[PDB]
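Coordinate analysis (summary)
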Amino acid sequence: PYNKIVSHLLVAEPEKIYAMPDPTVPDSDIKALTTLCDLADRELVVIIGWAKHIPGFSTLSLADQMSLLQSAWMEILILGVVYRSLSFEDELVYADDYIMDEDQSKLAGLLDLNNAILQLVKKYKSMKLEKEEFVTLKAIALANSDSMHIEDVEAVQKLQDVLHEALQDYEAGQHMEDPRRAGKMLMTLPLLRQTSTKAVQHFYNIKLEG
Amino acid sequence: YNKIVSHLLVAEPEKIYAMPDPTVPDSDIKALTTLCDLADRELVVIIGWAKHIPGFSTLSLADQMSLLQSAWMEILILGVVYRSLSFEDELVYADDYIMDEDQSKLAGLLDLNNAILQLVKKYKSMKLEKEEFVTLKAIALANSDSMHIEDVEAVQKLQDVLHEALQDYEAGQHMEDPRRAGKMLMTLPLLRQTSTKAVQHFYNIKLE
Ligand SMILES: CC/C(=C(\c1ccc(O)cc1)c1ccc(OCCN(C)C)cc1)c1ccccc1
Ligand SMILES: CC/C(=C(\c1ccc(O)cc1)c1ccc(OCCN(C)C)cc1)c1ccccc1
């Protein structure tokens, strides 16, 4: 119906970012990896631009604004893809010009991993996830990254609170069929965190192995 | 008073002890062994405790085990975490085994324990109650996100039931915060992460 925060967040939303493949080089695990690497690099600058638009976010200390972006960037990237693929089935809308099926992923050796995000994508799909929910869960994810390098903990909390409140409230007017929808959304965050940490690790392994 | 929560409480297992076998002088191995032996004896208990969770038993033995399979670490972690609330910078795994910053460094569990302590840091901040504990334990169990389940609906129903119990509990004894249940739900990620880091670390011993 109308929530201050949710609307703000829809607006603060970033524009369509396209992967931009290299047509002259062959499709290998090094290509796909390289393709995603930069795709994320670009998004990371995109996200830092965005976070400033997160109501109450710019007010925290800089050292703390960095602490969170430091921790929650991967979940943000991830929830991102997870969203792009809701209207699709069994594949990943990493980029609107970059989609991967079971076979493109088998070639990239990201089967295990992608079969993980397919799962995450399944839940949200079975909940009929809404754009307004994405943006909110996304902001929450950030204000809930639990960095250990926090200096002013009472502030992080008020930021968490402000965003949590917007969720309960938006879910309150748009879905009275489910007096427990917000909290349900919230329970999908762990998997988000699980996937992201899985992602981070595969990366530290590819870097170890080469 | 909420029925489901009264149950979970009553179900709450009896105290367990690590019993730092009067055998080997303190050392990485001794330490790691003590925990290995306690976790196992706890795991058994957990299995039994599980039978009481409302609606848990009705599940096919296949699912029941798929959940336990995935959540047993969060459960173990949550325990020591609740056990450690009333303390400072120390992790209580058992009344006979209490790890302080140094004993940790000795076991190499500095990083692991240090994240676990972070978990406690938050629960202490919001004065976690035994009631809230027993309930999250059950919730974490059914919200374990296992990839290989048969009956998705029945499981979902179990998460709703327990979720209802939590939102309800907060609604009665904690009217001062309408977002409390949700905030408890928000501590689940960390628990997940920590339980994960904890597990990958165990397997990482002599492998690649
Ligand atoms: C899951 C795909 C992915 C990345 C990704 C995820 C979501 C998204 O929207 C875009 C990309 C990925 C790849 C590279 C990367 O690099 C960050 C480091 N920069 C500074 C070089 C981050 C994420 C990746 C992670 C680990 C190993 C290999 C690939
Ligand atoms: C966090 C301490 C811990 C365990 C633990 C946690 C909570 C608790 O109440 C009791 C113990 C731990 C240690 C061993 C273990 O083994 C399970 C596998 N069995 C079948 C051999 C599980 C957890 C541990 C985890 C990873 C590496 C080293 C130690």
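Residues numbered from 1 in each chain as written, not as in the entry; some residues may be left out. Chains lettered and ligands numbered in written order. Heavy atoms only, no water. Residues with missing side-chain atoms left out of burial classes, pairs and counts.

As stated in the entry header, the method of structure determination is X-ray crystallography and the reported resolution is 3.20 Å.

Right, let's talk about the overall build of chain A for a bit. Scanning chain A for helices and strands turns up nine helices and two strands. Along chain A, from the amino end to the carboxyl end, the secondary structure elements read α-α-α-β-β-α-α-α-α-α-α. Scaling as 2.2 N^0.38, a compact globule of 210 residues should have a C-alpha radius of gyration of about 17 Å, and chain A matches this with 17 Å. For the C-alpha atoms alone, the extent of chain A along its principal axes is close to 50 × 40 × 25 Å. Residue pairs in contact within chain A that sit at least 24 positions apart in sequence constitute 73% of those at least 6 positions apart. (Helix = DSSP H or I, 4+ residues; strand = E, 2+ residues; numbered from the N terminus. Rg over C-alpha atoms; globule rule 2.2 N^0.38 Å. Contact = heavy atoms within 4.5 Å.)

For the rest of this paragraph, the subject is the site of ligand 1. Residues and elements named next belong to chain A. The local shell around ligand 1 holds 14 residues, among which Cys37, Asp41, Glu43, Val81 and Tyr94 are the closest. Between ligand 1 and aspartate 41 there is a distance of 2.9 Å, counted from a nitrogen atom to a side-chain nitrogen or oxygen. A distance of 2.9 Å separates an oxygen atom of ligand 1 from a polar side-chain atom of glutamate 43. Coverage of ligand 1 by the protein chains reaches 86% of its 650 Å² of free accessible surface. For the shell around ligand 1, the secondary structure elements donating two or more residues are α2 (29-51), α3 (62-84) and α9 (189-209). For the shell around ligand 1, the element with the most residues is α2, which contributes six residues. (Near = heavy atom within 4 Å. Polar contact = N/O pair within 3.5 Å; in protein donor to acceptor, adjacent residues only side chain to side chain. Areas by Shrake-Rupley, 256 points an atom, 1.4 Å probe, with all protein chains shown as cover.)

Residues and elements named next belong to chain B. Ligand 2 sits among 15 residues. The nearest are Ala39, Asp40, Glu42, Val80 and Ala198. For ligand 2, a nitrogen atom lies 2.7 Å from a polar atom in the side chain of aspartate 40. Contact distances for ligand 2 include 2.8 Å between an oxygen atom and a side-chain N or O atom of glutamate 42. Protein contacts shield 85% of the accessible area of ligand 2, which totals 650 Å² for the unbound molecule.

All names here are of chain A. Running from N to C, helix α1 (residues 4-11) and helix α6 (residues 131-143) point in directions that differ by 90°, and their axes come no closer than 9 Å. Between α1 and α6, the interaxial angle falls into the category roughly perpendicular. Where α1 approaches α6, its residues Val6, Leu9 and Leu10 are matched on the opposing element by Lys131, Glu132, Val135 and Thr136. Looking at the contact of α1 with α6, its residues break down into four nonpolar, one polar and two charged. (Axes fitted to C-alpha atoms, helices over the stretch in contact; angles between N-to-C directions. Parallel < 35°, antiparallel > 145°, perpendicular 65-115°, else oblique. Nonpolar A, V, L, I, M, F, W, Y, C, P; charged D, E, K, R; others polar.)

Moving on: the nonpolar core. Within the largest apolar cluster, 118 residues are counted, with the highest numbers of intra-cluster contacts made by A:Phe57, A:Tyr124, A:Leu142, B:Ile53, B:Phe56 and B:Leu141. Residues contacting B:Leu141, with those up to four places away along its chain left out, are B:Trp49, B:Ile53, B:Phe56, B:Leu67, B:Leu68, B:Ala71 and B:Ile75. (Core = buried A, V, L, I, M, F, W, Y, C linked by side-chain atoms within 4.5 Å. Buried < 20%, exposed > 50% of the residue type's maximum accessible area, 1.4 Å probe, protein only.)

Another aspect to go through is the interface of chain B and chain A. Facing the 23 residues of chain B at the interface are 23 residues of chain A. Carbon and sulfur atoms make up 58% of the surface buried where chain B meets chain A, a total of about 2,300 Å² over both sides. Taken as a group, B:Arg179, B:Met186 and B:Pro189 account for 27% of the area that chain B buries against chain A, more than any other trio of residues on that side. Here chain B is connected to chain A by three salt bridges. (Buried area = accessible area lost by both parts, 1.4 Å probe. Salt bridge = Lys/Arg side-chain N within 4 Å of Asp/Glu carboxyl O.)

On to empty space enclosed by the protein, then. All names here are of chain B. Of the pockets and cavities examined, the largest cavity occupies roughly 60 Å³. Lining the largest cavity, in full, are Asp89, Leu91, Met99, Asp100, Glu101, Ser104, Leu110, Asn113, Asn114 and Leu117. Among the elements of the structure, β2 (97-100), α4 (101-107) and α5 (110-125) are those that each provide at least two residues to the lining of the largest cavity. In terms of residues, the lining of the largest cavity owes the most to one element, α5, which gives four residues. Residues that form the lining of the largest cavity fall into these classes: four nonpolar, three polar and three charged. (1 Å grid on protein atoms, 1.4 Å probe; cavity = no way out; pocket = protein on both sides within 12 Å on 5 of 7 lines; lining within 4 Å. Points joined across faces, edges and corners; volume = space filled by probe spheres on them.)

This brings us to the pattern of salt bridges. For the coordinates displayed, the defined rule picks out 22 salt bridges over all chains. Within this structure, A:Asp161, A:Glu165, B:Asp177, B:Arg179 and B:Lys183 form a network of salt bridges that share partners.

Before going further, it helps to spend a moment on the side chain of A:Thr195. Residue and element names in this part refer to chain A. Examined against the element boundaries, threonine 195 turns out to sit in helix α9. Owing to a relative accessible area of 3%, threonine 195 belongs among the buried residues under this scheme. Setting aside its immediate chain neighbours within four residues, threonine 195 contacts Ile78, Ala116, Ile117 and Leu120.

Residues and elements named next belong to chain B. Where burial is concerned, most of strand β1 (residues 90-94) is hidden: four out of the five residues are buried. Sheet analysis places β1 next to β2, joined by four bridges and oriented antiparallel. Counted as the bridge partner of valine 92 is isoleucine 98 from β2. Here β1 hands over to β2 after two residues, the two strands then running antiparallel side by side. (Pairing = 2+ DSSP bridges.)

What follows is about the packing of aromatic side chains. Counted according to the given criterion, the structure contains two aromatic pairs over all chains. Residues B:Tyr82 and B:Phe133 carry aromatic rings whose centres are separated by 4.5 Å and whose planes lie at 15° to one another, so their mutual orientation is stacked. Here B:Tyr82 is found in helix α3 (residues 61-84), whereas its partner B:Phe133 is found in helix α6 (residues 130-142), with 51 residues between them in sequence. With a relative accessible area of 22%, B:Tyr82 lands in the partly exposed category. For B:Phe133, a relative accessible area of 5% puts it in the buried group. Residue placement shows A:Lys138 over the ring face of A:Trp50; its charged tip is 3.3 Å from the ring centre. Its guanidinium or amino end placed over the ring of B:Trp49, B:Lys137 lies 4.9 Å from that ring's centre, counting from NZ or CZ. (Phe/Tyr/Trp six-rings, centres within 6.5 Å; stacked < 30°, edge-to-face > 60°. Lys NZ or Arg CZ within 6 Å of the ring centre and 35° of its normal.)

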